[PDB]
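What follows is a single chain, given as structure tokens, in the form deposited in one PDB entry.
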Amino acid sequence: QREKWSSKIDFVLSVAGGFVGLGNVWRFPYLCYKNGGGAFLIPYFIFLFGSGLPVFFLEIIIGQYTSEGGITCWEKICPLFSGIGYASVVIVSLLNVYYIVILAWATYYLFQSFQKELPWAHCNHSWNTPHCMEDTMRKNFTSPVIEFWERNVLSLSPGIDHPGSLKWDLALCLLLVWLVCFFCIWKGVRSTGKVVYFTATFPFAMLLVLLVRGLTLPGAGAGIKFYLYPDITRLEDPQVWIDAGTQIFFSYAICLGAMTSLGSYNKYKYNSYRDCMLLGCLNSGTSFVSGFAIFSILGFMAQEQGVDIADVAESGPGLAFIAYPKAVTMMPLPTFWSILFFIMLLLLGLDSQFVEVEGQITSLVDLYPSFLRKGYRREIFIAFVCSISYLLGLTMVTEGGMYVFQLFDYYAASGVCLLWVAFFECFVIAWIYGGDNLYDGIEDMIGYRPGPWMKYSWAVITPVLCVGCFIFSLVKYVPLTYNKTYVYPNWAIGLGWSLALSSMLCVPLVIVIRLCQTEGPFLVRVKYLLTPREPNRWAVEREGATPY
């Protein structure tokens, strides 16, 4: 009883809104800046064609073929490896804990954009240290934008073990954003009709304005050269490779179960290969273009301040809140452009959060529809999920919560855990289920036989990349650091590893549970649990599909 997407363009708009946003405008520039700039692009493209796009198309095709969500699809494909879907759910849950927190910051910035002069312009406020000097007079000192970010918005603490006191303004902003998300999920309100145009054209318009500004700012050539020219010796450490791979996985929202759910509503006879390739190219181009503006702004800041490009802003989640607000003040009438930019960022983040939360709730209600999907029960479950997520995200709202966010940025919904899922999604498909059988299914669905690119990416390239990155990250281990200076304690790293393992351990525990449930000799149990249970039976009669 899976609902169709009705209009073809509706699915394209929904996925485009889902898989673009803070991952392209916020996470990508900060990860590129943290990893030296140009050297980050070489793995990024390697994980872009070898994996990422093949994995995204694999998830979409699995959703369209099984006509099931993020959990039942693996039940139909390979019952033994069903826990992968569960793992995906856990991952998305962790994302909903922290991915919305960024919006709160943006909301705060929006509330700071309704005054005559932007607060991040001069060193004369009450939160400015004596070492605050205007960048025009900088010819050690700290930029007013950085001080506003890390002393007014955040009020950063000396460490994660110093939570301080909860910030009521950021807590109220997060509560308002969560209320907006809850109302959107409950009432079903979403971009419909002409609004979708403003939902689609506006985010790509304002960025273009930034592309006009950053390019024309003096000293942007140095920033562009830093962003494009790679450092060879920077590729010898696994950090850049794993960051690029996880950024590729994060931007495409794969290994979360949302893409499979979105592809489930697609019609069985629908050429989703071309659409998936076009959307992936659009997402990659958006990230690449936004990087140009970000690094041109950073180069201008480096030229005006006289410090090196690698030491102009925060090498962390707050890079987008130090660079773009700086470029806003350069444009005439900075208040209007700041309001527009933060509205665009809030819209992108809200669309991504809507898609992810709705997918998670759909997966949860589909897992056990009994006593959960009865009308008001679904509303109560949505309210409970939103309240639990807000209470969990309140830990990153305190003065010393930024460090916590970094952990959720590094281990939760990112890092080796994604490499844990992307491998197991491929190995089951490529070797257990069979690459040729899935190719026959795709030929039956889209109408033409695909090339060997997807088969060779599922069979070899993606598993090899995932296992190599995991092994090299373990062998050459470097503890997580915040802004290249702060060193997390042992317990913080243990908490981050526990957050990663909460999703990584779903796959092996479900295997043991399935083996214990089945009765008989071990070989018979494994053979029974490795047999797909009619993957296309849902659409066998709906579209006259060929049985598996």
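Rigid core here is just the name for the largest C-alpha set that superposes within 1.5 Å across the two forms. Start at 1 and count along the sequence shown; that's the residue number.
Below: the form deposited in another entry, not depicted.
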Superpose on the rigid core, then tell me if the C-alpha of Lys476 is displaced by 2 angstroms or more between this form and the one not shown. no
Is there a C-alpha shift of 2 Å or more at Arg274 between this form and the one not shown once the rigid core is superposed? no
Superposing on the rigid core, is the CA of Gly375 displaced by 2 Å or more between this form and the one not shown? yes
Pin down for me whether the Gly18-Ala200 Cα distance shrinks or grows in the other entry relative to this form (closer or farther, change of 3 Å or more). closer
With a difference of at least 3 Å, the CA distance of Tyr33 and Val15 in the other entry shows the atoms farther
